[PDB]
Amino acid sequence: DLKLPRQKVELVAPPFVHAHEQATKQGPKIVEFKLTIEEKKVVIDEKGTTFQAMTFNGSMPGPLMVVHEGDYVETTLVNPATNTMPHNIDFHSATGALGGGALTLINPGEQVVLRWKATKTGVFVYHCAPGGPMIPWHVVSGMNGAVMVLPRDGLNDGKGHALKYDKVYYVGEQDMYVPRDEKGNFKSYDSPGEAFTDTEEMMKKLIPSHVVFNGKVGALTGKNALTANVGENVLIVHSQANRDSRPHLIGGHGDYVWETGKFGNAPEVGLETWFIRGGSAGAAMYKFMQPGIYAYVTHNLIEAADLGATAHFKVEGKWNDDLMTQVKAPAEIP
């Protein structure tokens, strides 16, 4: 029935985002994406703790999909026979059938093709949701990502002015529940199925062992720090499919923030810390003013420093002594 142009997208792994237009002169298209599910044992911390992950496209989070209002998003979801469990996909951006979940349940060896019309603007979670107790389990095992539905005119500040980002990053935050043995050491398991009973018991107590960005402690640091230059406006999309978070850019601000993540609402301005409700994505833009290292955290600092939820930015440019200066370096008290 649907006679619109088709456009394929090559997804890229987080924190990066596939190339896209903000404002566009294109009309509605059918935008084609493929997600291939991978169950895999991964390392989640610098001590070598392992984790039975379940992923879209091999990553935690799943990749960010970007379209415009009124596009149709046509996703081929693939569950190779090398996996063990059924899986599906629920898009919080979509209308009907439990977000798509009720139309996309696939066993290992199967694939399905779902299309949904992007009638709601903003950033949105997508996640697996097979049914019943498997819903939380698949999500906290890593099976969640996000989609961004941009207005065709790009972003605005609510107050007729355009808001154009120079780059966008996607920070997916994951609460993880790794049980401990009697000794006190994290357990390892041979399969997701084998991990389930201990992992569910822990899940129901509502305290994660790890809270990470991009799948691992320290993922968005070192060589893989986020980057910017003084003068660049950076959009940071943050999602959390199961649990609240409170993002904060240490040494910066949220110049324009959509903490509930939906572009039909004006952004708030000049925030210190914002709030991502579990089950949502939000977005914050900041124009960097100072060079150096920044930390991007959830501002439960226990979670940030001790459980894994810290990213860095390395920013190049000229220091601004008007905005901040060390008037007197550390010295003995007179």
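Heads up: residue numbers just count along the shown sequence, starting at 1.
- Across the two stretches, 290-298 and 273-281, the PDB entry reports the greater mean Cα temperature factor for 290-298.
- When the mean C-alpha temperature factors of 101-109 and 123-131 are read from the deposited coordinates, 101-109 comes out higher.
- Within the group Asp255, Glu200, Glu173, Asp244, the record's highest C-alpha temperature factor is found at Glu200.
- Within the group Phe213, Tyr177, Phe186, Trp137, the record's highest C-alpha temperature factor is found at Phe186.
- The deposited CA B-factor of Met60 belongs to the lowest third of values across its chain.
- Among the modelled residues of its chain, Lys117 has a C-alpha B-factor that falls in the middle third according to the deposited record.
- Ranked against the other modelled residues of its chain, the C-alpha B-factor of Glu259 as given in the entry falls in the lowest third.
- Sorting the modelled residues of the chain by their CA temperature factor places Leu35 in the middle third.
- Compared with the other modelled residues of the chain, the Cα B-factor recorded for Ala311 ranks in the lowest third.
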